[PDB]
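The form deposited in one PDB entry is given below as one chain in structure tokens.
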């Protein structure tokens, strides 16, 4: 459940400019922007011009290529020549023996739903303007023979408004929790055409208007089953106030047979879009429950995965430091610690400047957490103990942030029923979590607070 998906030494927001990491002898690494579709996104600065870019850094050893190199270079050349206000610009592609690099404009705005659910209220007109922009971008890209294939809220940035679609064109050439809701039966059945994008946008529209996905389930397998059948309904209370016009559009976007599914252009000119965007309060709270349940489940997964992964890596570092500790006093200096992390990834079988800088940064942040001796030596067991605590803290903070979103209008508590959804998405067995819920809910209220939720994740790593 947990250790498979995790098994990221750089943290979103961290400055790396002190490390003098340079990409392609041109772009200076400035700041880690986050984790993107197929690897890391780094704010970088052209050392000649000062122009800043977001560089997506994709690890070769972990990520695979579906097409030959000539196909990839031809699509990149096409991509470089396209411009649209709702499409994130790609400038360049390059590589070395460790990474693929994609240089794009600097991302503005947050993920679509995150930006919608930070606000107090959300209206039909907002949804229509959003979808109009998404459809404008898609229409343009299809007209230029570019298909996205992986369209979802995570790939749609909103600046509160201007929409930008990221990763438009990647998926053809390279091979989370929210994935399954958005993907078209076409691409599950391996039918290869542009209409899959209109299905994904129609799913997004359904969700914008109702706050609930049309093909839903407690886990991946159930969701993919509903998608497979392509059966959805407009029989939710939410849809009582939604016009026939909006419903008509969704119907045309979610046609199962792609040949009969409306095109992006015709969707763009649909009557609903014309009327709404020309010169009703939706359930933001449903959109929030949906989005925040996904985020908290992801954070719960990462908390367990990080805890378990760190235990394993600590045992291997302990063996490595034992060998290096020749006088047996348990003490090592900074360069010995660093060498030990490098040794570790040699046993894994990897040979990199960005990684070197990431290793020095982790080591230094652990050392900055300890009242260091002025001889330069550190007891490695203390180093590793502080290292464990630092990663639990970071994971706790991510859990905290996701919980804040989840509990915006709540009791400060999570129900058994919500716990079933979160752990359903995590693929954690009902008997494992119910057993742990017993230990943790001491007055049997059927509901627990944040710290109790966290203790439950700790115990699940021990079970």
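Here, rigid core means the biggest group of C-alpha atoms that superpose within 1.5 Å across both forms. Numbering follows the first chain given and starts at 1. Residues that one form lacks are left out of the comparison.
Just so it is clear, the following notes concern the form deposited with a small molecule bound, a form of the same protein that is not shown.
*Asks:* So which stretch, 65 to 73, 29 to 37, 421 to 429, 391 to 399, is the one near the small molecule in the bound PDB entry (non-hydrogen atoms, 4.5 Å)?
*Replies:* Only one stretch passes the 4.5 Å heavy-atom test: 29 to 37.
*Asks:* Do heavy atoms from each of 54, 104 and 167 fall within 4.5 Å of the small molecule in the bound PDB entry?
*Replies:* Looking in the bound PDB entry, the three residues 54, 104 and 167 all sit within 4.5 Å of the small molecule (heavy atoms).
*Asks:* Just to be sure I understand the contacts: of 236, 357, 268, 88, which is the one whose heavy atoms reach within 4.5 angstroms of the small molecule in the bound PDB entry?
*Replies:* Comparing distances to the small molecule in the bound PDB entry, the residue within 4.5 Å is 88.
*Asks:* Report the residue, out of 183, 273, 157, 308, that has at least one non-hydrogen atom within 4.5 angstroms of the small molecule in the bound PDB entry.
*Replies:* Looking at the other structure, the residue within range turns out to be 157.
*Asks:* Under a 4.5 Å heavy atom criterion, is residue 41 part of the interface with the small molecule in the bound PDB entry?
*Replies:* It does: once the small molecule is placed as it appears in the bound PDB entry, residue 41 has a heavy atom within 4.5 Å of it.
*Asks:* Which parts of the chain move between the shown form and the other one, counting only runs of three or more residues whose C-alpha shifts are all 2 Å or more after core fitting?
*Replies:* Core-superposed, the single displaced stretch is 158 to 160.
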